[PDB]
Student: 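Right, I'll just put the structure down here and ask away after.
Atom set for the values below is all heavy atoms of this structure, side chains included, hydrogens, waters and symmetry mates excluded. All chains are named by letter (A, B, ...) in the order of the sequence lines, taking the proteins before the strands, and each is independently numbered beginning at 1.
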Amino acid sequence: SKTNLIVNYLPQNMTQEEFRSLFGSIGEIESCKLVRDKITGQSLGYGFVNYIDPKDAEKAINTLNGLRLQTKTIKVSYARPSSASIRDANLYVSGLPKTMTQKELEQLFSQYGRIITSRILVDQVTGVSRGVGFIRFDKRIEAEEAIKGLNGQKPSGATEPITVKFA
RNA sequence: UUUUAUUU
């Protein structure tokens with residue numbers, strides 16, 4: 001992209017100043033905002049940082065992505081243009097082979113469009129896949145095509161069919 | 001039904 005970044009998985013405790021302070025260390029910022037609920041005013045867990053120099057936006061991703069703050073591992077990536085087309089493109093998937101890895105889940109779903117995030121939920125005990133997860137596409141239309149194409153289908157080698165629906 | 005919460 002260029003100069004605008006979206007930072008996800010920010011801890012609920014991180015303030016607007018600590019946010020600007022953390023990213024301001026990379027280089028000059030034209031603007032940045034820790035997004036908060038319109039009514040409660042509480043952090044929504046993500047924010048945006050727009051640098052003056054695109055080289056610093058690149059440095060921010062290279063140096064800050066994966067930084068562990070409190071219980072989170074933040075993600076820093078390029079913010080795609082604010083368009084209604086990228087909204088509601090999150091899918092909840094279930095019935096996946098428990099042997100399936102995130103790499104395979106994304107290869108399966110990538111046929112339908114650019115994947116923003118993907119995750120396989122694991123048992124909060126032994127760490128065994130639950131065969132359930134999420135896939136967030138770039139465009140809502142791509143998620144629509146993935147539902148039509150994969151909902152109720154059996155992914156190569158799978159003995160059981162998977163379920164795909166909007167989160 | 002997520003590192004609850006990826007477009008201010």
Side-chain angles (χ1 to χ4, degrees), chain A residues 1-24 29-52 54 57 60-61 64-98 100-106 108-110 112-144 146-147 150-151 162-167:
Chain A
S1 204
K2 178 183 145 287
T3 65
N4 199 31
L5 305 179
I6 178 164
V7 186
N8 296 288
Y9 308 110
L10 290 173
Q12 192 65 51
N13 50 290
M14 172 173 267
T15 180
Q16 169 65 259
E17 295 83 4
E18 283 162 355
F19 180 60
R20 168 184 284 285
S21 185
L22 181 61
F23 287 80
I29 294 175
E30 86 92 2
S31 74
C32 76
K33 175 192 296 180
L34 173 56
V35 186
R36 302 168 297 136
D37 186 272
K38 174 191 61 182
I39 308 302
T40 73
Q42 299 303 136
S43 172
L44 293 182
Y46 67 102
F48 291 94
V49 187
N50 191 42
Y51 290 93
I52 271 81
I61 293 179
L64 297 170
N65 184 62
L67 186 68
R68 299 194 294 302
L69 295 171
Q70 281 63 71
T71 63
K72 305 292 187 175
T73 298
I74 75 168
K75 178 181 174 178
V76 184
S77 55
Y78 285 111
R80 296 159 284 150
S82 193
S83 173
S85 60
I86 63 178
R87 286 173 57 185
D88 299 345
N90 190 42
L91 302 174
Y92 175 79
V93 190
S94 58
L96 301 173
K98 291 198 175 76
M100 188 180 268
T101 61
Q102 186 192 189
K103 189 189 189 68
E104 314 183 319
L105 172 68
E106 275 194 42
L108 179 58
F109 279 83
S110 67
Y112 300 99
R114 190 181 288 275
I115 298 181
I116 299 300
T117 63
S118 71
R119 163 110 62 57
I120 298 186
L121 299 193
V122 158
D123 189 74
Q124 299 290 294
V125 176
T126 66
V128 171
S129 169
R130 293 158 46 177
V132 297
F134 293 85
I135 294 284
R136 185 190 295 279
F137 279 98
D138 177 17
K139 315 291 184 165
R140 180 169 61 260
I141 306 181
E142 302 172 317
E144 309 259 45
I147 293 181
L150 297 169
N151 182 41
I162 69 172
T163 302
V164 187
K165 59 179 282 303
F166 282 107

Student: Looking for any heavy atom pair under 4.0 Å, which part of the strands does A:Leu121 touch: base, sugar-phosphate only, or nothing?
Tutor: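 Sugar-phosphate contact only - A:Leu121 comes under 4.0 Å of backbone atoms but never of a base.
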Student: In whole Å, measure the gap between the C1' atoms of B:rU2 and B:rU6 for me.
Tutor: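 To the nearest whole Å, 13 Å.
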Student: Counting the atoms with a prime plus P, OP1 and OP2 as sugar-phosphate, which does A:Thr117 contact under 4.0 Å by heavy atoms, base, sugar-phosphate, or nothing?
Tutor: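 Answer is base: heavy atoms of A:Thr117 come under 4.0 Å of a base.
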Student: Answer yes or no: side-chain N or O of A:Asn4 and base N or O of B:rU8 forming a donor-acceptor pair under 3.5 Å.
Tutor: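 Between B:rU8 and A:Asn4, which were checked side chain against base, a qualifying N/O pair under 3.5 Å is present.
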Student: So does A:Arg119 get a side-chain nitrogen or oxygen closer than 4.0 Å to the phosphate oxygens (OP1/OP2) of B:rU3?
Tutor: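 Yes, because at least one side-chain N or O of A:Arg119 sits under 4.0 Å from OP1 or OP2 of B:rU3.
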Student: Just call it for A:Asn50: base, sugar-phosphate, or nothing, with non-hydrogen atoms closer than 4.0 Å on any strand.
Tutor: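 Result for A:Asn50 = nothing.
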Student: Using a distance-only criterion (donor-acceptor N/O pair, under 3.5 Å, no hydrogens), is the base of B:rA5 paired with the side chain of A:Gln12?
Tutor: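 Yes, a donor-acceptor pair under 3.5 Å.
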Student: Report the relative orientation of the aromatic rings in A:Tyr92 and A:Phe134; use parallel for angles under 30°, tilted for 30 to 60°, perpendicular for over 60°.
Tutor: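 It falls in the perpendicular class, over 60°.
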Student: Have a look at A:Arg130 and say if it touches a base, only the backbone sugar-phosphate, or nothing, with a 4.0 Å heavy-atom cut-off.
Tutor: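 Sugar-phosphate contact only - A:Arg130 comes under 4.0 Å of backbone atoms but never of a base.
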Student: What interatomic distance, in whole Å, is found between P of B:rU8 and the corresponding atom of B:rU4?
Tutor: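 Rounded to whole Å, the distance is 23 Å.
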Student: Need one value for A:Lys165: base, sugar-phosphate or nothing, where a base atom within 4.0 Å counts as base even if backbone is also close, heavy atoms only.
Tutor: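 Base contact - A:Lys165 has a heavy atom under 4.0 Å of at least one base atom.
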Student: Between A:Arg87 and A:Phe166, name the one whose nearest nucleotide on RNA chain B is closer to the 5' end.
Tutor: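 Taking each residue's closest nucleotide, the earlier one in sequence belongs to A:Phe166.
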Student: Within the pair A:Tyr92 and B:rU1, is there a side-chain N or O less than 4.0 Å away from OP1 or OP2?
Tutor: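 The answer is yes; a side-chain N or O of A:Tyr92 sits under 4.0 Å from OP1 or OP2.
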Student: Mark this stacking check for A:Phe134 against B:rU2 as yes or no, applying ring centres under 5.5 Å and ring planes under 30°.
Tutor: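 Stacking is present between B:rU2 and A:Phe134, given that their ring centres fall under 5.5 Å apart and the planes under 30°.
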